[PDB]
Amino acid sequence: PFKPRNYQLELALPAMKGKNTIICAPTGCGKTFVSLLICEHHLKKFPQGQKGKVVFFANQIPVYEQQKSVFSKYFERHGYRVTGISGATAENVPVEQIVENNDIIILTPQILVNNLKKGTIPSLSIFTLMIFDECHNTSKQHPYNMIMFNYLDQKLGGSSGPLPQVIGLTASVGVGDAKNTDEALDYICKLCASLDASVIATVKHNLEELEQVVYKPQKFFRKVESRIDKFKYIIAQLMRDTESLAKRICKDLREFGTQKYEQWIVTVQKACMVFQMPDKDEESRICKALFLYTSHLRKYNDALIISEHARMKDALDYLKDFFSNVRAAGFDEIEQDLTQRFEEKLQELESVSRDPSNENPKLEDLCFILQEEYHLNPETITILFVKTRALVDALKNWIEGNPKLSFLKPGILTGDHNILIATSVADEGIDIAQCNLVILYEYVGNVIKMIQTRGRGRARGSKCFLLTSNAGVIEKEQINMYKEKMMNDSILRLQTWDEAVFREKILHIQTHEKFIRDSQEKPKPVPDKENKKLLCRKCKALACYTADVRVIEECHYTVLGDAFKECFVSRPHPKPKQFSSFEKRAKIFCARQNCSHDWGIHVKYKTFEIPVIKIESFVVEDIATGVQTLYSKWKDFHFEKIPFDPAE
Amino acid sequence: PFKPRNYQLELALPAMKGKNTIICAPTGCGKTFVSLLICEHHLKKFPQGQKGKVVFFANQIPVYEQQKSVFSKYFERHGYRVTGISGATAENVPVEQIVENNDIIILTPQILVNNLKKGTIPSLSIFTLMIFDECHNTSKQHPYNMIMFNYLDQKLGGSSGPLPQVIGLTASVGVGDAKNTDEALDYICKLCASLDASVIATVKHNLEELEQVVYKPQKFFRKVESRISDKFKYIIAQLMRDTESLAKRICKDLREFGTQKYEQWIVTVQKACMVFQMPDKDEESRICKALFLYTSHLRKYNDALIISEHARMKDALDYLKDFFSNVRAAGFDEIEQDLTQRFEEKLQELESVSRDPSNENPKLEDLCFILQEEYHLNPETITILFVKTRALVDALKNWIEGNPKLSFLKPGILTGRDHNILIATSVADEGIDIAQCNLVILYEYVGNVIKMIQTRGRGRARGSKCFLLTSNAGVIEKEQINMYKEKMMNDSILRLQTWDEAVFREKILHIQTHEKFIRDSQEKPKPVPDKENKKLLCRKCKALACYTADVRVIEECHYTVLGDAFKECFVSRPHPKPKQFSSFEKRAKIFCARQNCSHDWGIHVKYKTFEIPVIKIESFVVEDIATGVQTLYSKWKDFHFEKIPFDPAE
Amino acid sequence: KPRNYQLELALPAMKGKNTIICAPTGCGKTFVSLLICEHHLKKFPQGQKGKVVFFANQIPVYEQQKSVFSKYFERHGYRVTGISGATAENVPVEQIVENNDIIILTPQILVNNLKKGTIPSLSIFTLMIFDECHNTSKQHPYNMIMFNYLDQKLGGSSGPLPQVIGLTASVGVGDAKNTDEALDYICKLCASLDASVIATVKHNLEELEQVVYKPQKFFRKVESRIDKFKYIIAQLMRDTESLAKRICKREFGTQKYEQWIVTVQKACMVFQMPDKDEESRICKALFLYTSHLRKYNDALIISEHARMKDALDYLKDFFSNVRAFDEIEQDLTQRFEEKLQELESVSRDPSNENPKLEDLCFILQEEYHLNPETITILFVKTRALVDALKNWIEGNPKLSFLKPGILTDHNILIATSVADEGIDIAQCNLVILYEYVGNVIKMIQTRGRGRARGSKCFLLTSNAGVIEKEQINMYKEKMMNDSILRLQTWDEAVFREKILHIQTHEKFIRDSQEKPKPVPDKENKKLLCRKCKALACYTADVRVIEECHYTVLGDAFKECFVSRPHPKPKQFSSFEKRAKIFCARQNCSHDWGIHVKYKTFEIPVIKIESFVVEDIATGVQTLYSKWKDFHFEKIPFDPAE
RNA sequence: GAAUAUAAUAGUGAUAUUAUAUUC
RNA sequence: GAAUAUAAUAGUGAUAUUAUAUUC
Ligand SMILES: *O=P([O])([O])OP([O])(=O)O[C][C]1O[C](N2[C]=[N+]([C])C3=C2N=C([N])[N]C3=O)[C]([O])[C]1[O]
Ligand SMILES: [Mg+2]
Ligand SMILES: [Mg+2]
Ligand SMILES: [Zn+2]
Ligand SMILES: [Zn+2]
Ligand SMILES: [Zn+2]
C-alpha cells in the first residue's frame with residue numbers, strides 16, 4: 001500500500017458509511033486511491049455467509065484498461081477476483097457468469113445497458129456497489145443515465161430488490177443553463193436525483209493539504225485583432241459564380257465566409273437531389289453537377305475559415321489537397337472545369353501565401369507568447385487546443401515552418417515532444433505528460449471542461465492562455481468562471497441541508513422524471529408497406545428497393561439479391577474497426593461512371609459477407625407517386641422493416 | 001506492438017509451427033515478447049468455428065501479476081479474455097467456468113495440480129497451448145513435473161484426448177550431476193522428455209544482434225583469509241565449554257566449535273534430550289526444560305561464532321545480546337537466569353574486543369576495498385550483494401552504515417517473507433526485474449549453474465562486473481566447475497540440435513514410457529495405523545498436551561485438537577504475519593502455558609465457520625501409553641497413527 | 001577495405017600526436033601501421049622529406065613487416081629497406097638510412113649504431129614506430145632508443161624530434177595493487193615513449209567485438225599424485241648427500257633444494273688445499289656429487305609434472321650421456337643400477353598415474369569428441385615437459401587421434417613460450433596451459449591464439465597459487481582498462497605536464513644512478529677450471545675483443561682444451577661459430593666456451609662463468625658469472641698475434 | 001454501420017446543420 | 001660468446017639462482 005492524503009479519507013468517508021454519494025474533487029488529486037479505498041472497505045465490510053460485488057464504470061477504453069490493471073493488481077492480494085468487459089471481449093461470452101464469478105467488474109456502460117436490455121442480466125440487484133467515473137455524464141440519453149433509469153425504475157416500484165450503493169466521481173457536477181444560484185441548485189438536485197445520491201462529498205477540513213497538491217493555473221485572456229484581406233478579394237468571385245453556374249441550371253430563392261453560408265450550401269445541396277425530371281438521363285447530369293458545385297463551395301468556405309484562423313498557406317494547401325483528391329477519384333468535365341478555373345487563379349495565389357506582409361496577427365501573438373514562456377523556461381511543456389482537426393497539422397506546419405520557433409517539437413493528439421497539439425479530449429481521460437503551459441486557440445467549451453482542463457497543469461507555476469480574435473469567446477469563458485462559483489456555492493449550500501429533506505426532494509424529482517419518461521412513450525410509426533426505390537444521392541442512379549433491404553439487430557441495414565451486387569464498388573477500409581458482432585472488411589461506393597459516392601461499408605457478419613448501407617447516402621423515391629424524400633437517420637425512415645433471416 | 005528483435009523471431013519460430021519447444025536464451029533478452037508472439041500467433045491460427053486456450057505457468061506471484069498485466073493489456077484489444085488464478089483467489093470459485101470463459105489463463109502450477117487432483121478439471125485437453133516459465137524446474141516432484149506427469153499419463157495411455165502444445169522458457173536447462181558431455185546430453189534429453197519437447201530453440205543466426213543487447217558480465221575471484229588470531233572465538237569457546245559442562249552434569253554425551261558439524265551435533269543432542277523420561281514427571285519437566293535451554297544457548301553461541309567468522313564481532317555481539325534480551329523479555333527462568341549472568345560476566349571483555357580496530361575481518365576490508373575502488377571510478381554505480389543468511393544481510397547493512405570509509409553508500413534490504421547498494425539473500429530463478437546492477441558481489445555465496453547464468457541478468461550492460469569474495473577455496477572450485485558445466489550444457493544442446501527431429505522424438509518417447517512405468521512400481525505402500533492412543537508431550541517442558549484420539553486430520557494435511565481439555569493447555573499471541581492458505585486463515589500463534597516454557601506449538605486459524613488450533617508434530621514428542629516408550633517425529637505423515645478425518649460434528 | 005575501428009585507432013596519430021595504441025592481439029595492427037605511415041609520408045611538402053623507422057624485436061616480424069611495407073609503398077614512390085643482424089655489418093648504415101624513406105630495424109641495430117656514433121641523433125627520422133611498445137622499459141633496446149630521444153629532448157639541444165607511435169595489446173600495470181598505482185605506472189610508460197595519447201576502440205567497439213572474440217577461460221585445479229617413487233629415489237640422494245658429507249664439513253624435490261645444491265656447489269669451487277692434486281680430486285668429487293644431485297632433483301620434479309617413466313628415461317639419458325663411468329661415478333651409476341629394478345616396476349605400473357595427465361587426457365577426449373577437427377595448442381614451462389608430454393601423447397592409447405608437433409600439418413602443437421604476439425599463428429580452437437602462468441600482458445596476447453568464436457582456454461594445475469596468480473592478472477587487466485579510460489578524460493596540456501615532469505624525474509634518476517668506473521687491479525691472477533681446479537691460463541694472456549668477448553693468446557692454453565663440433569652453429573656480430581671448447585683433462589670434460597672464426601684469424605672465445613679466479617699473491621679463490629663483474633687489466637685484442 | 005455526448009450556428013421550441021470526441 | 005626481457009624461488013631491498021624466450 002501507500003500513505004494516503006487526509007482529504008482522500010475525507011472524500012471517501014461518506015461512501016464508506018454506506019451512503020449513495022457524489023464525490024466532487026479537483027482533477028488529478030488522486031480519485032483512483034479513493035475508489036480503491038471505498039471498494040476495499042465495501043468488500044471487507046461483509047460477513048462470511050455473504051459476499052459483495054462491485055462494478056466500475058469507465059466511459060472510455062484507456063480508463064478501462066488503467067483502472068482494470070490497478071484494481072486487479074491491488075485487490076488480488078486481498079483475495080478478490082477482478083475482471084473487465086469491453087466491446088472487444090463482450091461477444092460470444094456468458095456475461096452473467098463472468099459477473100457472478102467475480103468480485104470487481106470494470107465495464108464500459110454500453111455493455112451493461114445492452115445486457116440489461118437483452119435480458120442476460122436480470123436486475124442490478126446482483127451488484128452491491130456501482131461506481132461511475134465522470135458521473136457528470138449521468139444525464140439525457142447517455143448510457144450512465146440509461147443504467148440509472150433501470151436502477152430507479154426498480155427502486156420506484158413495488159418490486160423490491162437489494163439495490164447497490166451508488167458512488168459518483170467527478171471534478172464538476174455542472175449547473176446547466178442556470179442564470180442564478182437557485183437554478184444551479186435545482187440542476188445539482190436533478191443530477192443527484194439521476195444518481196440517487198444523498199450526499200455530495202467535497203474537501204473541507206483538509207483543503208490546506210489539497211491546495212498544496214493541486215495548483216490552479218493562472219488564466220490569462222488574450223484578445224487579438226483580426227487580419228487586415230490578401231485571401232478575401234480573390235476567392236470571392238470564385239464563390240460568386242461557382243454558385244451561379246449552379247444557378248445556370250435553375251433559379252434558387254447570407255454573407256460569405258461564415259457558418260451560415262455552410263448551412264446554406266448544405267441545405268441547398270440537400271434540396272437539389274430531389275429535382276424530379278421526366279428526362280431522368282440528364283437529371284443525373286444536373287444533380288451530379290450541382291453536387292460537385294456545392295461540394296466545391298463548402299470546401300472553399302473551409303479554406304476561408306482556415307485562413308481566418310491560421311496560415312493562408314494552409315488555406316491553400318487545403319484546396320490543393322482537395323483538388324488533388326478530386327483528380328485522383330477520376331476526371332470529370334465539370335470537375336476538370338472547376339479545377340481549371342481554380343488553377344487559373346492559383347498563380348496569383350501561392351505568391352500571396354509567400355509574403356510576410358500578410359501574416360495572421362493571431363499567430364504572431366502566439367509566437368510572442370511561446371517565445372516568451374520558452375525564454376523564461378526552456379524546459380516548458382505546452383499543450384494546445386484547437387476547434388477542428390484541420391487546424392491541427394495547420395498549426396504544426398506553421399510551427400516547423402518558422403525558424404523563430406525552432407525550439408519546438410510538435411506532437412499530435414486527435415482520434416520526446418515539447419508541444420502537443422490536440423483537438424478536444426473527452427473528460428479527464430488517461431493522464432498524459434504534465435504541462436507547464438496550456439494554450440486555447442479559439443477553443444472554449446462548457447464549465448466542466450474548464451475545470452477538468454486544470455488537471456493538465458496542476459503543478460505550481462502552470463499557466464493557461466486563452467487566445468482568440470472574438471469577444472464572444474471571452475465572455476463565454478467568463479460566464480463559465482461564474483458558473484463554477486454558482487456550482488461550488490450551491491453545493492456548499494446543499495451540504496447544510498438535512499439528509500432526510502434532501503432525500504425526499506431527490507425522491508420527488510425522481511418520481512417526476514419517471515412519470516415524464518413513462519408518459520413519453522408514444523404511437524410512433526405506421527409502417528408504409530409501399531415499396532420505395534432507393535437511389536444514389538450524387539448521380540441519382542438506382543441503388544435498390546425497400547423490399548430488398550433487411551434490418552439487422554434493429555439497427556443496421558443490408559441489401560439482399562444479386563442485383564445490388566452490380567451497383568457498387570469496394571475498396572479496403574482505411575480504419576478496419578470491429579463493432580458489435582460485425583467486422584469492417586471494406587468500404588462501399590457507387591458504380592455509375594466514376595461517381596464513386598460513398599454508400600456504406602462491407603462487413604463480415606458471422607458467416608455472412610454482406611453490404612451495410614446508410615440511408616443518408618440515398619434518396620427515397622416512391623415507385624408509385626414519385627415524391628423523392630430524404631432521411632438523415634434510418635429510424636426516421638419508417639417502412640416495412642423485415643428482420644434479417646439467414647434462410648433468404 | 002513494434003520492433004521485435006530478429007533473434008526473438010528466431011526463438012519463437014519453432015514454437016510457431018506447433019512443435020513442442022524448450023527455449024534457451026540468456027536472462028534479459030526479452031522472453032516476455034517471445035511469449036506474446038508465440039501466444040498471439042497460436043491464437044490467430046485457429047479458424048472461425050474453433051478457438052484456442054493458452055495457459056501460462058508462473059512460479060512466483062510477482063511474475064504472475066506482471067504476466068497477467070501484460071497479457072491483459074496486449075490481448076484485450078484483439079478480443080481475448082485474459083484472466084488469472086493464484087492461491088489468494090482459488091477458493092470457492094468455479095475453476096472449470098473461469099478456465100472455459102477465458103482465452104488466456106495465468107496460473108501458479110500448484111493450482112492446476114490441486115484442481116486436477118480434485119477432478120474439477122477433467123483433462124488438459126481443454127488447453128491448446130501450455131507455456132512454462134522457468135521450465136528447468138520440471139524435475140523430481142515440483143508442480144510442473146506433476147502437471148507433465150498428468151500430460152504424459154494421458155498421452156502414453158489409451159486416452160486419445162487432444163493434448164496441447166508445450167513450450168518451456170529458460171536460460172539454462174541444467175546438467176544435474178553430470179561429469180562429462182554425454183551425461184549432460186542425457187540429462188537434457190531427460191528434461192525434454194519430461195516436457196514432451198522435440199525442439200531446443202537457441203540463437204544461432206542472430207548472435208551478433210543478441211550479443212549487443214545482452215552482455216556477459218566479467219567475473220572475478222577474490223580469495224582471502226579469515227582472522228589471523230581471534231580473541232572473540234576464545235571467549236565464546238570457553239562460554240561454550242562452560243554451558244556444555246553445565247549440560248554434561250545431567251547426562252554423559254556418548255568435533256569443533258563454530259562449525260556446522262557442531263550445529264548438527266547440538267541439534268541431535270537437543271533431539272535426544274527430549275526422549276529422556278522420568279517416573280517423577282516433575283524432575284522430567286525440570287531437567288528436560290533445562291537441557292533444552294542449554295542446547296539452545298549453545299546453538300546461539302554457534303550462530304554467533306559463524307556470524308563473527310563472516311562479519312564483525314559487533315554483529316555476533318548484538319546477535320547474542322538480542323537473543324538474551326529476547327529470552328529475558330520472555331520471563332526469566334531458573335535454569336536460564338544463571339546463563340544471562342554468565343554471559344554478562346564476560347560481556348565487558350567481548351565488548352572491549354569488539355571495538356578494537358586491529359582484529360577486524362579482512363574479508364570486509366577486501367570488500368570495502370572493492371567497493372571503494374569501484375565507486376571511485378564510477379560514483380553512480382548500482383551494486384547488488386548476495387549473502388547466505390539474513391543475519392549476514394543485517395550484519396552487512398549495519399557494517400556499511402557503520403563505516404566512515406563507505407559513507408557514500410545507501411544500503412537496502414531484499415530478503416524473503418534511492419539506494420546505491422542492495423543487500424539480498426537469494427532470488428529464486430530470474431524473478432522480477434529490478435534495476436540494472438553494473439556490480440554484482442557474491443559474499444561467500446554459490447549455487448547451481450542455472451543460478452550462475454541467471455545472475456548475469458542483473459548486470460546485462462556493457463562493463464558490468466561480478467566479484468566472488470571468499471575465504472574458502474571450495475567456493476571458487478564450485479564456481480569454475482559450474483562454468484565447465486555450462487560449457488557441457490551448451491555443447492550438449494548444440495549437438496542435440498544437429499539431430500533428426502524424428503529420432504529425437506523417438507528417444508523422448510522411449511524415455512517417457514520408461515519413466516512412466518518406473519513411476520508405476522513401488523510407490524504403493526500402506527503402513528498400518530496403530531489404533532493405540534498415544535499421549536503428546538511438549539518437547540520443551542514435557543507437559544501433557546493431548547491424546548492422539550483427540551487429534552483430527554483436516555484435508556489430509558493439517559491437524560487439530562478437540563475437547564475443552566486441550567484449551568487449557570495453551571495460550572496465544574496475535575500472529576506477526578497472518579495469511580490465508582487454502583481454506584484457512586491465520587489469526588494467532590499458539591504457545592504452551594506451563595510457567596517459564598512458552599514453547600512454539602502451532603497456530604490458531606479460522607477454518608470455514610470453525611475457530612480451531614492447528615498443531616505440528618514437529619513441536620511435540622509422542623508417548624506410547626502401552627509400551628511407555630517416547631518417540632520423536634518431525635513430519636505428520638511420518639507419524640502413522642490412526643487418522644481420524646475431520647467432521648463438522650463433535 | 002579498412003575497418004572503422006582501425007581508422008579510429010589511427011586518427012590520433014594522423015594528427016601528429018605521439019600515441020600508444022591498445023587493441024586486442026590480431027585485429028589488424030599492420031593495416032593501421034600502413035595507414036599512419038602513408039599519411040605521415042604524404043604530409044610533407046616538396047622541399048622537405050619524410051623518413052619512418054619501424055622497429056621489431058623478432059626477425060620473423062621484421063621480415064613480414066618489411067615485405068608488406070615494401071610491397072605497399074613501392075608503388076607510391078618510396079624506398080623501403082630493412083636491416084637485421086645477418087646484414088648489419090660490413091655496410092655503411094649511416095648512408096643506408098639516408099637513401100631510404102622507410103627503414104625496418106631490429107632495435108639493437110639502432111642502439112649499437114647510436115653508441116658507435118655512426119648515427120648522430122634520432123633527428124634523422126621523423127616517425128618512429130615501436131612494435132610491442134610495452135617492452136619500452138628497463139634495459140630493453142627500445143628504452144635505450146627512447147633514452148637517446150629523451151636525452152636530446154630534455155637536454156639543451158633544440159633539434160627536431162620524430163613522432164613516436166607505439167603498438168600493443170596491453171600496456172601492463174607492473175605490480176600495481178590499486179587504480180592509482182596502475183594509473184601512474186601507465187603514465188611513466190607514456191613518459192618512456194613520450195606519448196600524450198592512448199588510442200583505444202570506443203566508438204566502434206561493436207565492430208571490434210564482431211571481429212575479435214574473447215575466448216572463454218576455464219581453470220582446472222587437480223591434486224598432486226597419491227608416492228613410493230618419491231622415497232625410493234630420495235634415499236638415493238640422501239645416500240649421495242651422505243657420501244658428499246663424508247668428505248666435507250629440508251624438503252627434497254623443490255627449487256629451494258635446487259639453488260641450495262647450486263650455492264653449495266659454488267661453495268665447493270672455492271674450497272682450497274695446499275696439495276693442488278688432492279684438491280682437484282676432492283673438489284671434482286664434490287662437483288660430481290652436486291651435479292648428480294641436481295639431476296636427481298629435476299627428475300623428482302618431472303616426476304610430478306608428468307609420468308614416472310619420463311623422469312626415469314631422463315635419468316637414463318643423463319647417466320648414459322655423462323659416461324662418454326669414472327671411478328667416482330662408478331659408485332653413483334652402480335647405486336643407480338641398484339635403483340632401476342625397483343623404480344621401473346613402478347614406472348610401468350598403471351596404478352600410479354599423474355592426476356594432471358588424467359584430467360588433461362579427459363579434456364582432450366571431450367573437446368575432440370565434440371569437434372573432431374579441433375586445433376589444440378599446449379603451453380608448458382620447460383622443454384623437458386615438452387618432450388615428456390609428446391611422449392605421453394603418442395604413448396597413451398586413448399589419445400590415438402592426436403598428431404603432436406613442436407614449437408620451441410599437425411593436430412596439436414606443444415610449445416614452451418612465445419615472446420609477445422609473434423607472426424602468423426595457427427588459429428586454434430583450444431588453448432591449454434599446463435602449470436603455466438605468466439603475466440597479464442602475455443595473457444591478453446595469448447587471447448590471440450583463438451580470436452575466432454567458440455575458442456576455449458584451460459589452466460591445468462595443482463598449485464592454487466597459480467590460479468590466484470592468474471586471477472590477479474585478470475584484476476590487473478581491469479585496472480589497466482579503467483586507468484586508461486580515466487586517462488582518456490584528461491586534457492592534453494595537463495597530461496603533457498605530468499609526462500614531462502615524469503621524464504625529467506626518470507632522467508635525473510638515471511644520471512644519478514651512473515656510478516664511476518672501478519679501479520682495474522692490474523696485478524695478475526690465475527684463471528683455472530671449476531670442475532677439476534686445473535690451471536687454464538693467466539689474465540695477461542687473456543685479451544678482449546669488441547669490449548664484449550674474451551680470447552687467449554697463447555699456445556700453452558691451446559693445449560689445455562679440446563674442441564668438439566657445435567650442436568647448433570650460428571653467426572653473431574663479426575664472429576662465426578664452428579666448434580666448442582672443453583677441458584682437456586681425461587675425466588673432466590667441462591664447458592669452457594667456443595672456438596670461432598672471427599674475421600681473419602680463428603680464435604677461442606671463453607666465458608668467465610666456467611672459470612674460477614685465484615690470486616698469484618694471496619691465493620684467494622673467487623667466482624664470477626659475468627665479465628662485467630670481473631674487473632681487471634682489459635687489454636684490447638688486435639690482429640698482430 | 002449505429003448509438004451517445006459536447007460546442008457553435010438558424011429558430012419561439014420540439015428540432016435541424018456542422019464541428020469535435022467517445023462507445024457498441 | 002655477449003646482451004636483453006618474462007616467470008618462479010630466496011631477500012626488507014639493492015640483488016642473486018634457475019627456467020623460458022629473444023636479439024647482435
Ligand atoms: O465510414 P464508416 O461507415 O466506415 O464509419 P466511420 O466510423 O468511419 O464514420 C465516420 C464518418 O465520416 C465520414 N468518413 C468515413 N471515412 C473512412 C472518411 C470519411 N470522411 C473523409 N473526408 N475521408 C474518409 O476517409 C463518413 O461519412 C462517416 O459517417
Ligand atoms: Mg449494434
Ligand atoms: Mg657483440
Ligand atoms: Zn452514384
Ligand atoms: Zn511447554
Ligand atoms: Zn677442468
# chains A, B, ... in the order shown; residues from 1 in each chain; ligands from 1
>>> residues_near_ligand(ligand="ligand 3", cutoff="9 Å", atoms="only C-alpha atoms (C1' of nucleotides) and all ligand atoms", output="PDB file with N, CA and C atoms (P, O5', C5', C4', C3', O3' and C1' of nucleotides), in the first residue's frame")
ATOM      1  N   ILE C 545      88.016  -8.752 -27.119  1.00  0.00           N
ATOM      2  CA  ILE C 545      87.559  -8.350 -28.442  1.00  0.00           C
ATOM      3  C   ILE C 545      86.221  -7.616 -28.364  1.00  0.00           C
ATOM      4  N   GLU C 546      86.175  -6.435 -28.980  1.00  0.00           N
ATOM      5  CA  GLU C 546      84.971  -5.605 -29.053  1.00  0.00           C
ATOM      6  C   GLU C 546      84.370  -5.284 -27.686  1.00  0.00           C
ATOM      7  N   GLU C 547      85.216  -5.269 -26.658  1.00  0.00           N
ATOM      8  CA  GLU C 547      84.803  -4.958 -25.289  1.00  0.00           C
ATOM      9  C   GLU C 547      83.662  -5.849 -24.801  1.00  0.00           C
ATOM     10  N   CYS C 548      83.536  -7.035 -25.389  1.00  0.00           N
ATOM     11  CA  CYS C 548      82.443  -7.939 -25.051  1.00  0.00           C
ATOM     12  C   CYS C 548      82.900  -9.390 -24.965  1.00  0.00           C
ATOM     13  N   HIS C 549      83.755  -9.803 -25.895  1.00  0.00           N
ATOM     14  CA  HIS C 549      84.204 -11.190 -25.934  1.00  0.00           C
ATOM     15  C   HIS C 549      85.641 -11.306 -25.443  1.00  0.00           C
ATOM     16  N   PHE C 572      77.065 -14.555 -35.124  1.00  0.00           N
ATOM     17  CA  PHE C 572      76.759 -13.358 -34.348  1.00  0.00           C
ATOM     18  C   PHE C 572      77.836 -12.300 -34.559  1.00  0.00           C
ATOM     19  N   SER C 573      77.404 -11.052 -34.724  1.00  0.00           N
ATOM     20  CA  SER C 573      78.307  -9.924 -34.952  1.00  0.00           C
ATOM     21  C   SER C 573      79.249 -10.181 -36.127  1.00  0.00           C
ATOM     22  N   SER C 574      80.550 -10.129 -35.858  1.00  0.00           N
ATOM     23  CA  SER C 574      81.557 -10.402 -36.877  1.00  0.00           C
ATOM     24  C   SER C 574      82.163 -11.784 -36.673  1.00  0.00           C
ATOM     25  N   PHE C 575      81.532 -12.573 -35.812  1.00  0.00           N
ATOM     26  CA  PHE C 575      82.033 -13.899 -35.470  1.00  0.00           C
ATOM     27  C   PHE C 575      81.316 -14.987 -36.260  1.00  0.00           C
TER      28      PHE C 575
ATOM     29  P     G E   1      78.712 -20.297 -24.406  1.00  0.00           P
ATOM     30  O5'   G E   1      79.350 -18.920 -24.885  1.00  0.00           O
ATOM     31  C5'   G E   1      80.677 -18.562 -24.525  1.00  0.00           C
ATOM     32  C4'   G E   1      81.014 -17.172 -25.002  1.00  0.00           C
ATOM     33  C3'   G E   1      80.163 -16.051 -24.422  1.00  0.00           C
ATOM     34  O3'   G E   1      80.618 -15.614 -23.153  1.00  0.00           O
ATOM     35  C1'   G E   1      80.239 -15.832 -26.766  1.00  0.00           C
ATOM     36  P     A E   2      79.563 -15.200 -22.016  1.00  0.00           P
ATOM     37  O5'   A E   2      79.035 -13.774 -22.487  1.00  0.00           O
ATOM     38  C5'   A E   2      79.922 -12.670 -22.594  1.00  0.00           C
ATOM     39  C4'   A E   2      79.314 -11.553 -23.403  1.00  0.00           C
ATOM     40  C3'   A E   2      78.005 -10.986 -22.877  1.00  0.00           C
ATOM     41  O3'   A E   2      78.179 -10.049 -21.830  1.00  0.00           O
ATOM     42  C1'   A E   2      77.785 -11.427 -25.177  1.00  0.00           C
ATOM     43  P     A E   3      77.050  -9.894 -20.700  1.00  0.00           P
ATOM     44  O5'   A E   3      75.853  -9.154 -21.449  1.00  0.00           O
ATOM     45  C5'   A E   3      76.011  -7.833 -21.944  1.00  0.00           C
ATOM     46  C4'   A E   3      74.877  -7.439 -22.859  1.00  0.00           C
ATOM     47  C3'   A E   3      73.483  -7.457 -22.253  1.00  0.00           C
ATOM     48  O3'   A E   3      73.195  -6.310 -21.473  1.00  0.00           O
ATOM     49  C1'   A E   3      73.433  -8.537 -24.345  1.00  0.00           C
ATOM     50  P     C E  24      69.231  -9.416 -34.810  1.00  0.00           P
ATOM     51  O5'   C E  24      70.612  -8.825 -34.277  1.00  0.00           O
ATOM     52  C5'   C E  24      70.725  -7.448 -33.929  1.00  0.00           C
ATOM     53  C4'   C E  24      72.043  -7.136 -33.260  1.00  0.00           C
ATOM     54  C3'   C E  24      73.277  -7.224 -34.156  1.00  0.00           C
ATOM     55  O3'   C E  24      74.223  -6.231 -33.759  1.00  0.00           O
ATOM     56  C1'   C E  24      73.504  -8.725 -32.345  1.00  0.00           C
TER      57        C E  24
END
>>> interface_residues(of="chain A", to="chain B", cutoff="7 Å", atoms="only C-alpha atoms", output="compact mmCIF listing (two decimals) with N, CA, C and O atoms, in the first residue's frame")
# COMPACT_ATOMS: atom_id res chain seq x y z
N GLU A 65 -8.77 0.15 -19.24
CA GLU A 65 -7.54 -0.62 -19.11
C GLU A 65 -6.79 -0.26 -17.84
O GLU A 65 -6.41 -1.14 -17.06
N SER A 69 -6.31 -2.74 -14.61
CA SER A 69 -4.98 -3.18 -14.20
C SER A 69 -4.70 -2.84 -12.74
O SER A 69 -4.22 -3.68 -11.98
N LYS A 73 -4.38 -5.56 -9.77
CA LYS A 73 -3.07 -5.66 -9.12
C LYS A 73 -3.16 -5.40 -7.62
O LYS A 73 -2.36 -5.92 -6.85
N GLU A 76 -6.22 -8.42 -5.79
CA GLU A 76 -6.00 -9.86 -5.86
C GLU A 76 -5.33 -10.36 -4.58
O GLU A 76 -5.72 -11.40 -4.04
N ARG A 77 -4.34 -9.62 -4.11
CA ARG A 77 -3.62 -9.97 -2.89
C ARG A 77 -4.57 -10.13 -1.71
O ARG A 77 -4.32 -10.92 -0.80
N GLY A 79 -7.51 -11.29 -2.01
CA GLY A 79 -8.32 -12.47 -2.27
C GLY A 79 -9.60 -12.18 -3.03
O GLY A 79 -10.57 -12.93 -2.93
N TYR A 80 -9.60 -11.09 -3.79
CA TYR A 80 -10.76 -10.72 -4.59
C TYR A 80 -10.45 -10.80 -6.08
O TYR A 80 -9.37 -10.42 -6.52
N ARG A 81 -11.40 -11.32 -6.85
CA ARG A 81 -11.20 -11.51 -8.28
C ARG A 81 -11.69 -10.30 -9.07
O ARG A 81 -12.86 -9.91 -8.96
N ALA A 88 -14.78 -5.22 -27.17
CA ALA A 88 -13.94 -6.16 -27.89
C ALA A 88 -14.14 -7.59 -27.39
O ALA A 88 -14.15 -8.54 -28.18
N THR A 89 -14.32 -7.73 -26.08
CA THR A 89 -14.44 -9.05 -25.47
C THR A 89 -15.82 -9.29 -24.87
O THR A 89 -15.95 -9.97 -23.86
N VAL A 93 -19.69 -14.54 -25.20
CA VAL A 93 -19.29 -14.91 -23.85
C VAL A 93 -20.43 -14.68 -22.86
O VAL A 93 -21.07 -13.62 -22.88
N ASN A 101 -18.96 -14.79 -11.20
CA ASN A 101 -17.71 -15.41 -10.77
C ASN A 101 -16.61 -14.40 -10.44
O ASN A 101 -15.45 -14.78 -10.29
>>> residues_around(residues="residue 298 of chain B", least_positions_apart="4", cutoff="8 Å", atoms="only C-alpha atoms (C1' of nucleotides)", output="list in words")
residues 240, 243, 244, 266, 294 and 302 of chain B
>>> write_last_selection(atoms="N, CA and C atoms", output="mmCIF file, in the first residue's frame")
data_model
loop_
_atom_site.group_PDB
_atom_site.id
_atom_site.type_symbol
_atom_site.label_atom_id
_atom_site.label_comp_id
_atom_site.auth_asym_id
_atom_site.auth_seq_id
_atom_site.Cartn_x
_atom_site.Cartn_y
_atom_site.Cartn_z
ATOM 1 N N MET B 240 31.124 -21.736 25.791
ATOM 2 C CA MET B 240 30.591 -22.984 25.261
ATOM 3 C C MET B 240 30.995 -24.173 26.114
ATOM 4 N N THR B 243 28.869 -23.978 29.371
ATOM 5 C CA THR B 243 27.487 -24.412 29.187
ATOM 6 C C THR B 243 27.407 -25.914 28.920
ATOM 7 N N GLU B 244 28.339 -26.411 28.113
ATOM 8 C CA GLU B 244 28.406 -27.829 27.784
ATOM 9 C C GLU B 244 28.707 -28.650 29.032
ATOM 10 N N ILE B 266 24.581 -30.464 18.104
ATOM 11 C CA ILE B 266 23.748 -29.897 19.158
ATOM 12 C C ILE B 266 22.267 -30.076 18.819
ATOM 13 N N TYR B 294 19.950 -25.179 27.566
ATOM 14 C CA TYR B 294 21.393 -25.328 27.391
ATOM 15 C C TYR B 294 21.763 -25.532 25.922
ATOM 16 N N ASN B 302 26.932 -20.781 18.718
ATOM 17 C CA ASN B 302 27.487 -21.270 17.459
ATOM 18 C C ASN B 302 27.164 -20.337 16.297
#
>>> interface_residues(of="chain D", to="chain A", cutoff="7 Å", atoms="only C-alpha atoms (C1' of nucleotides)", output="MDAnalysis selection string")
chainID D and resid 1:2 4 7 9 17 19:24
